[PDB]
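Engineer: final_35.txt is reproduced in full below (compact mmCIF, C-alpha atoms and all ligand atoms).
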```
# COMPACT_ATOMS: atom_id res chain seq x y z
CA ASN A 4 -55.42 -120.20 -12.77
CA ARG A 5 -54.68 -116.52 -13.38
CA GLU A 6 -55.79 -116.78 -17.02
CA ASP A 7 -58.97 -118.55 -15.96
CA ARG A 8 -59.72 -115.71 -13.57
CA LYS A 9 -59.21 -113.02 -16.18
CA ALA A 10 -61.36 -114.75 -18.80
CA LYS A 11 -64.35 -115.09 -16.45
CA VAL A 12 -64.22 -111.41 -15.45
CA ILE A 13 -63.84 -110.28 -19.07
CA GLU A 14 -66.95 -112.29 -19.86
CA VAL A 15 -69.16 -110.59 -17.29
CA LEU A 16 -67.60 -107.25 -18.30
CA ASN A 17 -68.56 -107.86 -21.93
CA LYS A 18 -72.06 -108.94 -20.90
CA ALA A 19 -72.44 -105.74 -18.92
CA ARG A 20 -70.97 -103.69 -21.78
CA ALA A 21 -73.45 -105.31 -24.19
CA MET A 22 -76.25 -104.24 -21.87
CA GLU A 23 -74.92 -100.66 -21.85
CA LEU A 24 -74.84 -100.51 -25.64
CA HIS A 25 -78.46 -101.69 -25.70
CA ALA A 26 -79.42 -98.95 -23.19
CA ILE A 27 -77.68 -96.24 -25.18
CA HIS A 28 -79.67 -97.15 -28.30
CA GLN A 29 -82.92 -97.74 -26.39
CA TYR A 30 -82.71 -94.49 -24.43
CA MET A 31 -81.66 -92.42 -27.43
CA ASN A 32 -84.57 -93.81 -29.44
CA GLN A 33 -86.97 -92.67 -26.69
CA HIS A 34 -85.15 -89.31 -26.60
CA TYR A 35 -85.86 -88.87 -30.33
CA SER A 36 -89.54 -89.58 -29.64
CA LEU A 37 -89.83 -87.26 -26.62
CA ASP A 38 -88.05 -84.48 -28.54
CA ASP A 39 -90.35 -85.02 -31.47
CA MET A 40 -93.30 -84.80 -29.07
CA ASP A 41 -91.81 -81.56 -27.78
CA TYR A 42 -91.53 -82.73 -24.14
CA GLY A 43 -88.17 -81.00 -23.77
CA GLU A 44 -87.32 -81.58 -20.16
CA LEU A 45 -88.08 -85.30 -20.57
CA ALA A 46 -86.07 -85.51 -23.79
CA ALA A 47 -83.14 -83.76 -22.19
CA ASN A 48 -82.85 -85.98 -19.11
CA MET A 49 -83.29 -89.10 -21.28
CA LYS A 50 -80.30 -88.05 -23.36
CA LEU A 51 -78.25 -87.21 -20.27
CA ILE A 52 -79.01 -90.67 -18.94
CA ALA A 53 -77.96 -92.17 -22.29
CA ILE A 54 -74.64 -90.33 -21.98
CA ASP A 55 -74.10 -91.87 -18.55
CA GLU A 56 -74.62 -95.23 -20.24
CA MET A 57 -72.03 -94.31 -22.86
CA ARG A 58 -69.57 -93.59 -20.03
CA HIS A 59 -70.36 -96.97 -18.45
CA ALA A 60 -69.73 -98.73 -21.79
CA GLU A 61 -66.41 -96.92 -22.05
CA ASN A 62 -65.33 -97.74 -18.46
CA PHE A 63 -66.19 -101.38 -19.01
CA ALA A 64 -64.23 -101.42 -22.30
CA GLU A 65 -61.19 -99.80 -20.66
CA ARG A 66 -61.10 -102.41 -17.88
CA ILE A 67 -61.50 -105.20 -20.47
CA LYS A 68 -58.39 -103.85 -22.21
CA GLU A 69 -56.46 -103.74 -18.90
CA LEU A 70 -57.30 -107.44 -18.53
CA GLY A 71 -56.07 -108.17 -22.11
CA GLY A 72 -59.53 -108.82 -23.53
CA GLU A 73 -61.51 -107.38 -26.45
CA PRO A 74 -64.47 -105.10 -25.68
CA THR A 75 -67.63 -106.33 -27.40
CA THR A 76 -69.27 -104.17 -30.08
CA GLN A 77 -72.68 -105.76 -30.03
CA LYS A 78 -75.63 -104.70 -27.91
CA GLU A 79 -77.66 -107.21 -25.88
CA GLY A 80 -81.21 -107.73 -27.08
CA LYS A 81 -83.47 -105.59 -29.22
CA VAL A 82 -84.50 -101.99 -29.01
CA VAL A 83 -88.23 -101.44 -28.65
CA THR A 84 -89.49 -98.56 -30.80
CA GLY A 85 -92.71 -96.54 -30.88
CA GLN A 86 -93.34 -96.69 -27.13
CA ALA A 87 -96.06 -94.45 -25.64
CA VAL A 88 -94.82 -92.07 -22.89
CA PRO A 89 -96.11 -94.22 -19.95
CA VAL A 90 -94.47 -97.30 -21.50
CA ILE A 91 -91.13 -95.52 -21.85
CA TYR A 92 -90.86 -94.90 -18.10
CA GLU A 93 -92.40 -98.18 -17.05
CA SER A 94 -90.10 -100.21 -19.26
CA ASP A 95 -87.02 -98.11 -18.43
CA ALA A 96 -87.62 -98.59 -14.70
CA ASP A 97 -87.95 -102.33 -15.42
CA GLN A 98 -84.69 -102.34 -17.39
CA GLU A 99 -82.74 -100.37 -14.74
CA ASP A 100 -83.91 -102.77 -12.02
CA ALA A 101 -82.90 -105.75 -14.17
CA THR A 102 -79.50 -104.14 -14.87
CA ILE A 103 -78.80 -103.66 -11.16
CA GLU A 104 -79.75 -107.32 -10.53
CA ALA A 105 -77.45 -108.54 -13.28
CA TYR A 106 -74.48 -106.32 -12.34
CA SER A 107 -74.84 -107.41 -8.73
CA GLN A 108 -74.38 -110.97 -9.94
CA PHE A 109 -71.45 -109.94 -12.11
CA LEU A 110 -69.83 -108.23 -9.11
CA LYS A 111 -69.98 -111.45 -7.07
CA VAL A 112 -68.19 -113.22 -9.93
CA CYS A 113 -65.49 -110.57 -9.76
CA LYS A 114 -65.22 -111.16 -6.00
CA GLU A 115 -65.01 -114.93 -6.55
CA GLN A 116 -62.29 -114.44 -9.20
CA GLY A 117 -60.32 -112.21 -6.80
CA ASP A 118 -60.73 -109.09 -8.97
CA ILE A 119 -61.10 -106.14 -6.59
CA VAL A 120 -60.54 -103.45 -9.23
CA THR A 121 -63.35 -104.78 -11.42
CA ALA A 122 -65.71 -105.33 -8.46
CA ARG A 123 -65.19 -101.71 -7.42
CA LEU A 124 -66.06 -100.66 -10.98
CA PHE A 125 -69.35 -102.58 -10.79
CA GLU A 126 -70.12 -101.06 -7.38
CA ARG A 127 -69.71 -97.47 -8.60
CA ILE A 128 -71.73 -98.08 -11.75
CA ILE A 129 -74.47 -99.89 -9.83
CA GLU A 130 -74.93 -96.72 -7.73
CA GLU A 131 -75.39 -94.69 -10.92
CA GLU A 132 -77.95 -97.21 -12.14
CA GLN A 133 -79.87 -96.70 -8.91
CA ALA A 134 -80.01 -92.98 -9.65
CA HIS A 135 -81.38 -93.83 -13.09
CA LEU A 136 -83.94 -96.20 -11.61
CA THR A 137 -85.16 -93.63 -9.09
CA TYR A 138 -85.52 -91.05 -11.88
CA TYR A 139 -87.64 -93.36 -14.09
CA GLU A 140 -89.84 -94.47 -11.21
CA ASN A 141 -90.43 -90.82 -10.23
CA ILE A 142 -91.48 -89.79 -13.79
CA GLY A 143 -93.69 -92.86 -14.20
CA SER A 144 -95.40 -91.96 -10.90
CA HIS A 145 -96.01 -88.36 -11.98
CA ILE A 146 -97.43 -89.58 -15.27
CA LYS A 147 -99.55 -92.17 -13.43
CA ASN A 148 -100.97 -89.79 -10.85
CA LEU A 149 -101.23 -86.52 -12.76
CA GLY A 150 -101.57 -87.52 -16.41
CA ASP A 151 -102.00 -84.63 -18.87
CA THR A 152 -101.54 -82.07 -16.07
CA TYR A 153 -97.96 -83.27 -15.88
CA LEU A 154 -97.60 -83.46 -19.68
CA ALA A 155 -98.92 -79.91 -19.90
CA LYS A 156 -96.13 -78.73 -17.64
CA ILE A 157 -93.39 -80.37 -19.76
CA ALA A 158 -94.89 -79.33 -23.10
CA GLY A 159 -92.59 -76.85 -24.83
CA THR A 160 -89.85 -76.82 -22.17
CA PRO A 161 -86.19 -76.45 -23.23
CA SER A 162 -84.63 -79.68 -24.47
CA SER A 163 -81.04 -78.50 -24.23
CA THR A 164 -78.49 -80.81 -22.55
CA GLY A 165 -75.97 -78.01 -22.61
CA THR A 166 -73.12 -77.03 -24.89
CA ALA A 167 -72.60 -79.28 -27.88
CA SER A 168 -70.11 -81.89 -26.83
CA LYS A 169 -66.42 -81.84 -27.76
CA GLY A 170 -65.85 -83.11 -31.33
CA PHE A 171 -62.98 -83.29 -33.83
CA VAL A 172 -64.20 -80.74 -36.37
CA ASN B 4 -62.80 -123.68 -18.72
CA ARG B 5 -60.55 -123.51 -21.76
CA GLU B 6 -57.80 -121.68 -19.82
CA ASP B 7 -57.55 -124.27 -17.04
CA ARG B 8 -57.26 -126.94 -19.75
CA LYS B 9 -54.57 -125.17 -21.82
CA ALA B 10 -52.67 -124.39 -18.64
CA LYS B 11 -52.66 -127.98 -17.40
CA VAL B 12 -51.56 -129.37 -20.75
CA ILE B 13 -48.88 -126.70 -21.12
CA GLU B 14 -47.60 -127.78 -17.74
CA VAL B 15 -47.02 -131.41 -18.69
CA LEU B 16 -45.70 -130.38 -22.11
CA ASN B 17 -43.09 -128.22 -20.39
CA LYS B 18 -42.33 -131.05 -18.07
CA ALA B 19 -41.75 -133.46 -20.93
CA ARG B 20 -39.78 -130.80 -22.75
CA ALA B 21 -37.43 -130.41 -19.79
CA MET B 22 -36.95 -134.16 -19.78
CA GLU B 23 -35.99 -133.91 -23.47
CA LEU B 24 -33.52 -131.10 -22.84
CA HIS B 25 -31.82 -133.22 -20.16
CA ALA B 26 -31.72 -136.28 -22.43
CA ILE B 27 -30.15 -134.28 -25.25
CA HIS B 28 -27.30 -133.17 -22.98
CA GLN B 29 -26.99 -136.58 -21.30
CA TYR B 30 -26.86 -138.55 -24.54
CA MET B 31 -24.48 -136.12 -26.23
CA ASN B 32 -22.18 -136.26 -23.21
CA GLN B 33 -22.08 -140.05 -23.64
CA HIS B 34 -21.61 -139.70 -27.38
CA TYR B 35 -18.47 -137.63 -26.83
CA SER B 36 -17.12 -140.34 -24.52
CA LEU B 37 -17.98 -143.19 -26.91
CA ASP B 38 -16.44 -141.30 -29.82
CA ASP B 39 -13.31 -140.62 -27.81
CA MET B 40 -13.13 -144.38 -27.13
CA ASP B 41 -13.43 -145.04 -30.87
CA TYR B 42 -16.53 -147.24 -30.51
CA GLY B 43 -17.90 -145.70 -33.69
CA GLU B 44 -21.17 -147.56 -34.16
CA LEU B 45 -22.19 -146.90 -30.57
CA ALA B 46 -21.17 -143.25 -30.83
CA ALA B 47 -23.16 -142.77 -34.04
CA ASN B 48 -26.36 -144.29 -32.67
CA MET B 49 -26.08 -142.31 -29.41
CA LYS B 50 -25.95 -139.06 -31.39
CA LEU B 51 -28.85 -140.21 -33.61
CA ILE B 52 -30.99 -140.81 -30.49
CA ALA B 53 -29.94 -137.35 -29.16
CA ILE B 54 -31.16 -135.84 -32.42
CA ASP B 55 -34.48 -137.69 -31.97
CA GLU B 56 -34.76 -136.04 -28.51
CA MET B 57 -34.00 -132.64 -30.09
CA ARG B 58 -36.97 -133.24 -32.41
CA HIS B 59 -39.12 -134.18 -29.39
CA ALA B 60 -38.08 -131.02 -27.53
CA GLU B 61 -39.02 -128.98 -30.63
CA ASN B 62 -42.39 -130.68 -31.16
CA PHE B 63 -43.22 -130.08 -27.50
CA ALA B 64 -42.18 -126.43 -27.82
CA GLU B 65 -44.29 -125.85 -30.93
CA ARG B 66 -47.38 -127.34 -29.39
CA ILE B 67 -46.82 -125.27 -26.22
CA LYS B 68 -46.74 -122.18 -28.47
CA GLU B 69 -49.96 -123.22 -30.23
CA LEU B 70 -51.54 -123.40 -26.74
CA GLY B 71 -50.19 -119.92 -25.92
CA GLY B 72 -47.45 -120.99 -23.50
CA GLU B 73 -43.73 -120.34 -23.15
CA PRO B 74 -41.48 -123.32 -23.92
CA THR B 75 -39.09 -123.93 -21.02
CA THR B 76 -35.28 -123.65 -21.53
CA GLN B 77 -34.27 -125.53 -18.40
CA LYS B 78 -33.48 -129.25 -18.22
CA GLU B 79 -34.91 -131.55 -15.56
CA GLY B 80 -32.39 -133.23 -13.29
CA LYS B 81 -28.63 -133.49 -13.46
CA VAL B 82 -26.41 -134.73 -16.21
CA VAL B 83 -24.10 -137.51 -15.09
CA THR B 84 -20.63 -137.44 -16.68
CA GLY B 85 -17.68 -139.84 -16.87
CA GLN B 86 -20.05 -142.78 -17.07
CA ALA B 87 -18.38 -146.05 -17.99
CA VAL B 88 -19.76 -148.03 -20.92
CA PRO B 89 -21.84 -150.54 -18.89
CA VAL B 90 -23.33 -147.68 -16.88
CA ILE B 91 -24.18 -145.67 -20.01
CA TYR B 92 -26.48 -148.38 -21.37
CA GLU B 93 -27.87 -149.41 -18.02
CA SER B 94 -28.63 -145.82 -17.11
CA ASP B 95 -29.99 -144.94 -20.56
CA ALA B 96 -32.26 -147.96 -20.42
CA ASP B 97 -33.54 -146.87 -17.00
CA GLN B 98 -34.13 -143.25 -18.08
CA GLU B 99 -36.03 -144.30 -21.23
CA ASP B 100 -38.28 -146.55 -19.17
CA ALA B 101 -38.88 -143.71 -16.68
CA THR B 102 -39.72 -141.38 -19.59
CA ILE B 103 -42.31 -143.75 -21.05
CA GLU B 104 -43.87 -143.98 -17.59
CA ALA B 105 -43.88 -140.20 -17.21
CA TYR B 106 -45.31 -139.49 -20.64
CA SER B 107 -48.05 -142.10 -20.27
CA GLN B 108 -49.07 -140.07 -17.22
CA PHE B 109 -48.89 -136.84 -19.23
CA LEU B 110 -50.97 -138.45 -21.94
CA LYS B 111 -53.58 -139.15 -19.29
CA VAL B 112 -53.81 -135.46 -18.37
CA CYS B 113 -54.17 -134.47 -22.01
CA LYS B 114 -57.11 -136.85 -22.36
CA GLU B 115 -58.65 -135.53 -19.13
CA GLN B 116 -58.28 -131.97 -20.43
CA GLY B 117 -59.95 -132.90 -23.73
CA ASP B 118 -56.76 -132.18 -25.67
CA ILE B 119 -56.77 -134.83 -28.43
CA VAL B 120 -54.09 -133.18 -30.58
CA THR B 121 -51.62 -133.13 -27.69
CA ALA B 122 -52.59 -136.64 -26.62
CA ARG B 123 -51.68 -137.90 -30.11
CA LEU B 124 -48.36 -136.06 -29.93
CA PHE B 125 -47.52 -137.95 -26.72
CA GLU B 126 -48.61 -141.34 -28.11
CA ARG B 127 -46.37 -140.81 -31.15
CA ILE B 128 -43.36 -139.77 -29.04
CA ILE B 129 -43.89 -142.64 -26.57
CA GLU B 130 -43.56 -145.16 -29.45
CA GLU B 131 -40.22 -143.56 -30.44
CA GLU B 132 -39.08 -143.68 -26.79
CA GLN B 133 -39.83 -147.42 -26.90
CA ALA B 134 -37.52 -147.73 -29.92
CA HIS B 135 -34.76 -146.09 -27.90
CA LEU B 136 -35.45 -148.24 -24.85
CA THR B 137 -35.20 -151.45 -26.85
CA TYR B 138 -31.97 -150.24 -28.40
CA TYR B 139 -30.33 -149.47 -25.04
CA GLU B 140 -31.62 -152.70 -23.51
CA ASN B 141 -30.06 -154.73 -26.37
CA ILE B 142 -26.65 -153.00 -26.20
CA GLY B 143 -26.51 -153.36 -22.39
CA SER B 144 -27.28 -157.05 -22.72
CA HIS B 145 -24.59 -157.67 -25.32
CA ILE B 146 -22.01 -155.90 -23.22
CA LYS B 147 -23.05 -157.92 -20.15
CA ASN B 148 -23.07 -161.33 -21.85
CA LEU B 149 -20.17 -160.98 -24.31
CA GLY B 150 -18.09 -158.25 -22.70
CA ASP B 151 -14.89 -157.34 -24.60
CA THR B 152 -15.68 -159.86 -27.30
CA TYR B 153 -18.53 -157.66 -28.46
CA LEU B 154 -16.56 -154.41 -28.05
CA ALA B 155 -13.64 -155.56 -30.25
CA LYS B 156 -16.29 -155.78 -32.95
CA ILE B 157 -17.31 -152.15 -32.39
CA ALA B 158 -13.70 -150.90 -32.19
CA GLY B 159 -12.68 -148.71 -35.10
CA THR B 160 -16.07 -148.76 -36.81
CA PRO B 161 -17.25 -145.58 -38.56
CA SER B 162 -19.04 -143.10 -36.31
CA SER B 163 -20.50 -140.88 -39.07
CA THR B 164 -24.21 -140.09 -38.72
CA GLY B 165 -24.50 -138.81 -42.26
CA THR B 166 -24.01 -135.58 -44.18
CA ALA B 167 -23.27 -132.40 -42.21
CA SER B 168 -26.15 -130.68 -40.48
CA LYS B 169 -27.98 -128.04 -42.53
CA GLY B 170 -26.73 -124.70 -41.25
CA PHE B 171 -26.73 -120.97 -41.82
CA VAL B 172 -23.09 -120.67 -42.88
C1 LIG C 201 -67.88 -94.15 -25.05
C2 LIG C 201 -69.14 -93.83 -25.90
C3 LIG C 201 -69.92 -94.65 -26.59
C4 LIG C 201 -69.87 -96.18 -26.74
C5 LIG C 201 -69.27 -96.77 -28.02
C6 LIG C 201 -68.61 -98.11 -27.84
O1 LIG C 201 -68.61 -98.88 -28.83
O2 LIG C 201 -68.12 -98.37 -26.71
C7 LIG C 201 -70.95 -93.85 -27.22
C8 LIG C 201 -71.94 -94.34 -28.05
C9 LIG C 201 -72.88 -93.57 -28.70
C10 LIG C 201 -73.84 -94.05 -29.67
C11 LIG C 201 -73.91 -95.52 -30.14
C12 LIG C 201 -74.58 -93.01 -30.06
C13 LIG C 201 -75.76 -92.93 -31.05
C14 LIG C 201 -77.16 -92.85 -30.45
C15 LIG C 201 -78.29 -93.04 -31.44
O3 LIG C 201 -78.40 -92.17 -32.33
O4 LIG C 201 -79.02 -94.06 -31.29
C16 LIG C 201 -74.11 -91.85 -29.32
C17 LIG C 201 -74.65 -90.59 -29.42
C18 LIG C 201 -74.23 -89.48 -28.74
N1 LIG C 201 -73.12 -89.46 -27.91
FE1 LIG C 201 -71.94 -90.99 -27.40
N2 LIG C 201 -73.07 -92.21 -28.50
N3 LIG C 201 -70.83 -89.77 -26.27
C19 LIG C 201 -69.63 -90.07 -25.64
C20 LIG C 201 -69.10 -91.34 -25.54
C21 LIG C 201 -69.64 -92.48 -26.08
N4 LIG C 201 -70.76 -92.52 -26.90
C22 LIG C 201 -69.05 -88.85 -25.12
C23 LIG C 201 -67.70 -88.77 -24.36
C24 LIG C 201 -69.85 -87.83 -25.44
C25 LIG C 201 -69.61 -86.34 -25.16
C26 LIG C 201 -70.18 -85.19 -25.97
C27 LIG C 201 -69.91 -83.78 -25.48
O5 LIG C 201 -69.35 -83.66 -24.36
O6 LIG C 201 -70.26 -82.84 -26.24
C28 LIG C 201 -70.97 -88.39 -26.15
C29 LIG C 201 -72.07 -87.71 -26.60
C30 LIG C 201 -73.06 -88.17 -27.42
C31 LIG C 201 -74.12 -87.36 -27.98
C32 LIG C 201 -74.29 -85.86 -27.62
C33 LIG C 201 -74.15 -84.85 -28.74
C34 LIG C 201 -74.21 -83.38 -28.45
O7 LIG C 201 -75.09 -82.92 -27.68
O8 LIG C 201 -73.34 -82.68 -29.05
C35 LIG C 201 -74.84 -88.16 -28.77
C36 LIG C 201 -76.11 -87.84 -29.58
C1 LIG C 202 -34.92 -128.53 -31.76
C2 LIG C 202 -33.46 -128.74 -31.30
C3 LIG C 202 -32.92 -128.56 -30.10
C4 LIG C 202 -33.57 -127.96 -28.84
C5 LIG C 202 -33.50 -126.43 -28.74
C6 LIG C 202 -34.42 -125.83 -27.71
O1 LIG C 202 -33.86 -125.12 -26.84
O2 LIG C 202 -35.64 -126.10 -27.82
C7 LIG C 202 -31.50 -128.87 -30.19
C8 LIG C 202 -30.59 -128.78 -29.16
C9 LIG C 202 -29.27 -129.16 -29.22
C10 LIG C 202 -28.28 -128.98 -28.17
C11 LIG C 202 -28.64 -128.37 -26.80
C12 LIG C 202 -27.12 -129.43 -28.63
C13 LIG C 202 -25.73 -129.53 -27.97
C14 LIG C 202 -25.30 -130.88 -27.41
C15 LIG C 202 -24.02 -130.84 -26.61
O3 LIG C 202 -22.98 -130.50 -27.24
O4 LIG C 202 -24.09 -131.14 -25.39
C16 LIG C 202 -27.34 -129.93 -29.98
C17 LIG C 202 -26.36 -130.52 -30.75
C18 LIG C 202 -26.53 -130.85 -32.08
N1 LIG C 202 -27.70 -130.64 -32.79
FE1 LIG C 202 -29.48 -130.02 -32.13
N2 LIG C 202 -28.67 -129.74 -30.32
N3 LIG C 202 -30.27 -130.26 -33.94
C19 LIG C 202 -31.57 -130.00 -34.33
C20 LIG C 202 -32.58 -129.60 -33.49
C21 LIG C 202 -32.42 -129.26 -32.16
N4 LIG C 202 -31.22 -129.33 -31.46
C22 LIG C 202 -31.73 -130.32 -35.74
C23 LIG C 202 -33.04 -130.15 -36.53
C24 LIG C 202 -30.53 -130.69 -36.21
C25 LIG C 202 -30.22 -131.06 -37.66
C26 LIG C 202 -28.83 -131.21 -38.26
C27 LIG C 202 -28.78 -131.57 -39.73
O5 LIG C 202 -29.84 -131.97 -40.26
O6 LIG C 202 -27.67 -131.40 -40.29
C28 LIG C 202 -29.62 -130.67 -35.09
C29 LIG C 202 -28.30 -131.05 -35.11
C30 LIG C 202 -27.43 -131.10 -34.06
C31 LIG C 202 -26.05 -131.54 -34.17
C32 LIG C 202 -25.49 -132.10 -35.49
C33 LIG C 202 -24.14 -131.63 -36.00
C34 LIG C 202 -23.65 -132.16 -37.33
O7 LIG C 202 -23.50 -133.40 -37.47
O8 LIG C 202 -23.42 -131.29 -38.21
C35 LIG C 202 -25.52 -131.42 -32.95
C36 LIG C 202 -24.10 -131.79 -32.47
FE FE C 203 -75.29 -98.16 -17.31
FE FE C 204 -78.73 -96.99 -16.31
FE FE C 205 -37.62 -138.04 -26.27
FE FE C 206 -35.84 -141.18 -25.60
```
Translate this structure into structure tokens?
Ligand code: FEC
Ligand code: FEC
Ligand SMILES: [Fe+3]
Ligand SMILES: [Fe+3]
Ligand SMILES: [Fe+3]
Ligand SMILES: [Fe+3]
Structural biologist:
Amino acid sequence: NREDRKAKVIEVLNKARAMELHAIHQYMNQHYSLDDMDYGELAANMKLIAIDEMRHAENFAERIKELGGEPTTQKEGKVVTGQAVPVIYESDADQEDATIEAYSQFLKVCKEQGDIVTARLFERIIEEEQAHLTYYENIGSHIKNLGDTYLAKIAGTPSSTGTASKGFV
Amino acid sequence: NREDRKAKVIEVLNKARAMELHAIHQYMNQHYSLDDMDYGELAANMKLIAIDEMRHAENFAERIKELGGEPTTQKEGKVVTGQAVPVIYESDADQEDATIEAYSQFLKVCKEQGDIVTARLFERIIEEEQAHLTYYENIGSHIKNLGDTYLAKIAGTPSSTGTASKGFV
């Protein structure tokens, strides 16, 4: 039934959205650590990736509203704090790869429920996740192979992500 | 699948409701004829049964709303007019028996859809439909076995169904 179809898509959309809220908090917590450690270029790209996750959360929420549902406000799982730099990139690569696997299953549900608009949304966001995955794998590999030589290059670099973002005040 | 289940129950509820809307118009059409004939007692009971059907239509509508549906406004089947007195009871008896058969089917769907509240609503209404059936069966029999001897007894009796209907004005 139509209603049936909508409910099942809203469910995978809220599951995905919950994963995005987790990622925002997880990535920003690592950003606070990298910034504190004064590894500016690393801190900056971590925050830019977090902002892509914010955009995903928002796109998911907007489609949930188009389908008449209520966007979840709760993140999936727990944020790991106090990770060492190698652990940050290893676990973030792991998480990105798991997110792509999950969204790929959610997409198939969309296809089964005859929801082309939502499946296209998953497809576009999955391609962004792949860009995130490649990034994290590359940094992990530099840290693996080069160690402190690589740290020494990032030490003291600019941490700016650009102009402060649009706000009300 | 909550939405499949609500949708399948709402479908038999709207089906039963359209059988009630037809019944209301069918029995009141016969009431106007009986009243015109001045067979008071028969006219009064025919309107009282119509009012019972109004209450069934309403109960079906309210449950449909609880389940998030839209109560139908269309009646099932055609109203037959100018029915003679023997045909009124014979046809009302047949229609009540057909309704009990239909609703026992609808009850079945409710139970299959795990809708206990709606199943109980049908069981309760089915027992009222049996009261109507018995009534029509008895009148048809008297008319068939005693003919005009029984009608002379009904002639000129009061047709009042009680105090005037609560209204806005
Ligand atoms: C959408 C959305 C969500 C999800 C909320 C939801 O419930 O769906 C959302 C969630 C969050 C959450 C948590 C945090 C808090 C992170 C933390 O401290 O753990 C959180 C934090 C930040 N957001 Fe965020 N967001 N977000 C935008 C949209 C969304 N954001 C847009 C747009 C911009 C654009 C800013 C700009 O262009 O200047 C933006 C920028 C930031 C900055 C950057 C500040 C700066 O450099 O000035 C920080 C920090
Ligand atoms: C419920 C409901 C429906 C279905 C509406 C829907 O679309 O769901 C509904 C539908 C109809 C329809 C047609 C008719 C018109 C019949 C015709 O003329 O063919 C129709 C006709 C009558 N209704 Fe009716 N109904 N109905 C109530 C509930 C419902 N009624 C309740 C309650 C009372 C309570 C009256 C009282 O207590 O004084 C009540 C009374 C009457 C009287 C009584 C007049 C009198 O003696 O003053 C007549 C005639
Ligand atoms: Fe994402
Ligand atoms: Fe990502
Ligand atoms: Fe009825
Ligand atoms: Fe009936």
Engineer: Write out, as a tab-separated table, each residue of chain A that has an atom at most 7 Å from chain B, together with the closest pair of atoms and their distance in Å to one decimal, counting all atoms listed in the file, rows going by chain and rising number.
Structural biologist:
```
residue	atom	partner	partner_atom	distance
A:4	CA	B:7	CA	6.3
A:6	CA	B:6	CA	6.0
A:7	CA	B:6	CA	5.1
```
Engineer: Kindly compile the residues surrounding ligand FE 204 (chain C) within 10 Å, counting only C-alpha atoms and all ligand atoms, and format them as a VMD selection string.
Structural biologist: chain A and resid 22 to 23 26 to 27 30 52 to 57 59 95 to 96 98 to 103 128 to 136 139
Engineer: Let me make sure I understand: among A:113, A:90, A:82, A:13, which one has the smallest atom-to-atom distance to ligand LIG 201 (chain C) if we use only C-alpha atoms and all ligand atoms?
Structural biologist: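 Ranking A:113, A:90, A:82, A:13 by distance to ligand LIG 201 (chain C), first place goes to A:82.
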Engineer: Using all atoms listed in the file, which residues of the polymer chains come no farther than 9 Å from ligand LIG 202 (chain C)? I'd like the answer as a ChimeraX atom specification.
Structural biologist: /B:20,23-25,27-32,35,50-51,53-64,74-77,163-170
Engineer: Would you place a box with edges along x, y and z of the file around all atoms of range 27-34 of chain A listed there, add 5 Å to each of its six sides, and report the centre and edge lengths in Å to one decimal, as lines of an AutoDock Vina configuration file?
Structural biologist:
```
center_x = -82.3
center_y = -93.5
center_z = -26.9
size_x = 19.3
size_y = 18.4
size_z = 15.0
```
Engineer: Here is a test: counting only C-alpha atoms and all ligand atoms, which residue of B:149, B:112, B:155, B:16 is nearest to ligand FE 205 (chain C)?
Structural biologist: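 Ranking B:149, B:112, B:155, B:16 by distance to ligand FE 205 (chain C), first place goes to B:16.
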Engineer: Give me, please, the distance in Å between CA of residue 86 in chain B and CA of residue 36 in chain B, quoted to one decimal.
Structural biologist: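 Here the two named atoms are 8.4 Å from each other.
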Engineer: Which residues, protein or nucleic acid, reach to within 12 Å of (-93.4, -77.8, -27.7) in the file's coordinates when using only C-alpha atoms, and can you give that as a ChimeraX atom specification?
Structural biologist: /A:37-46,154-162
Engineer: What's the separation between CA of residue 12 in chain B and CA of residue 115 in chain B, in Å to one decimal place?
Structural biologist: 9.5 Å
Engineer: Separation of CA of residue 148 in chain A and CA of residue 87 in chain A, in Å?
Structural biologist: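 Atom-to-atom, CA of residue 148 in chain A and CA of residue 87 in chain A are spaced 16.3 Å apart.
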Engineer: Working from the structure I just supplied, which lacks atoms in range 45-51 of chain B, can you model N, CA and C atoms there and output them as a short mmCIF file (atom, residue, chain, number, x, y, z; two decimals), keeping the file's coordinate frame?
Structural biologist:
```cif
data_model
loop_
_atom_site.label_atom_id
_atom_site.label_comp_id
_atom_site.auth_asym_id
_atom_site.auth_seq_id
_atom_site.Cartn_x
_atom_site.Cartn_y
_atom_site.Cartn_z
N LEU B 45 -21.50 -147.29 -31.79
CA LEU B 45 -22.19 -146.90 -30.57
C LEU B 45 -22.30 -145.38 -30.46
N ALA B 46 -21.22 -144.70 -30.85
CA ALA B 46 -21.17 -143.25 -30.83
C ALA B 46 -22.18 -142.67 -31.82
N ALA B 47 -22.27 -143.28 -33.00
CA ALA B 47 -23.16 -142.77 -34.04
C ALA B 47 -24.61 -142.90 -33.59
N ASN B 48 -24.98 -144.08 -33.09
CA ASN B 48 -26.36 -144.29 -32.67
C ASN B 48 -26.72 -143.43 -31.47
N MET B 49 -25.79 -143.18 -30.55
CA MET B 49 -26.08 -142.31 -29.41
C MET B 49 -26.37 -140.89 -29.87
N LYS B 50 -25.61 -140.36 -30.82
CA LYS B 50 -25.95 -139.06 -31.39
C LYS B 50 -27.26 -139.07 -32.16
N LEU B 51 -27.58 -140.15 -32.88
CA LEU B 51 -28.85 -140.21 -33.61
C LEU B 51 -30.04 -140.17 -32.66
#
```
